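One chain follows as C-alpha cells, the form deposited in one PDB entry.
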C-alpha cells in the first residue's frame, strides 16, 4: 500500500454514521488546533466539508453555531455553510465551491494569492455584503440564542482581554498605554452593536470568478458586538486607502457609521495583538506563545 495522511476507514465510518457516504478524492487539514478539516467527495458526486471537533470542549460549540447559521441563511445575500450534519462528533456541509479571496498552502506563512487591491468588484461587493450582515436584526440574533454584547459589554470585553494579557504576559509599556487610552477614549466607541462575523478577513470570504463576494465561512466567532471587529482585517490587508473606500460604500449601502469609526478600526487592529496572545495562551502551543510574547514585548 501507500501511507496516506487521511485515515480513510475512520473517516468513512464517521461520515456514514451521519448519513454521508464518502466515495472518491479527499484532502485533509490537520493544522487546526480545535478541528480536523476534510474536504471529501460524497456519493452525490459533490464535495463536502467535514469539520471534525477534536475534543469535548470544541464539540460544545457546535450546537450554538448551528443556530447562528440557521438564522443567517435567509437573511444574507450571499452563501454560508449549510450544516446538514451538526453534532458533537461531526459538522458537515456541502462545499461552497467558490474560492476564498485568498489562497494559501496549509502550513505556509505566505499566501499564494490575495484578491488585488485594485479589484473594484471585490472592494465594492465586500462593502455591501458587510453592510448586509450588519443589518441583520438584533432580535433575530436574540431569537437564535447568540452571544449578545451591548456597547458597554463590548467595551468591557476588550478591557477584560487586555487585563488577562497583562496578568499572564509582560507587555511593552507603550502598547499598554495605547490600549488603555483607547479604552478611555469615549468618542472612539460605538453607541450600538451589530451582528458580526467575528473572524472576518479575505481567507473567510468566498468570491465568484469575477471577484464578487459570494459567501462567507468560518462563523465560530459570530456574536452581537462592535461593528469595527469586522473591519480591522480589511485595514490590515488593504491599507488606509482600502478602508476609506470600504467606509464610503458601507455607509452608502445603509451601514451605520460614527465619526471616529476609522480611528476605532485602527485601534481594533492594534488590539489584534491581544487576541493573538490569548489564542496562544489558550492553545498551549509553544510556537504561538513564542510569537505572542515577542510581539507583546516589542514596541509597535
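Residue numbers count along the first chain shown, from 1. Throughout, rigid core stands for the largest set of C-alpha atoms superposing within 1.5 Å between the two forms.
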Would you mind comparing 171 to 179 and 156 to 164 for me and telling me which has the higher average C-alpha temperature factor in the entry?
171 to 179
Which of 110 to 118 and 146 to 154 has higher mean CA B factor, as the PDB entry lists it:
110 to 118
Deposited CA B-factor, highest of 269, 37, 33, 40:
33
Which third, lowest, middle or highest, does the CA B-factor of residue 209 fall in along this chain?
highest
Quick one: classify residue 275 as lowest, middle or highest third of the chain based on its Cα B-factor.
lowest
Rank-wise, by C-alpha B-factor, drop residue 105 into the lowest, middle or highest third of its chain.
highest
Pull the Cα B-factor of residue 84 out of the PDB entry and bin it into the chain's lowest, middle or highest third.
middle
B-factor third for the C-alpha atom of residue 260 within its chain
middle
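The form deposited in another entry is left out here; the points below concern that form.
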With the two forms aligned on their rigid core, point out which item of 26, 235, 273, 247 shifts its C-alpha by 2 Å or more between the shown form and the other one.
26
Could you tell me whether the Cα atom of residue 69 shifts by at least 2 Å between the shown form and the other one after core superposition?
no
Core-aligned C-alpha movement of residue 140 between the shown form and the other one reaching 2 Å:
no
C-alpha of residue 176 moved at least 2 Å between the shown form and the other one on rigid core
no
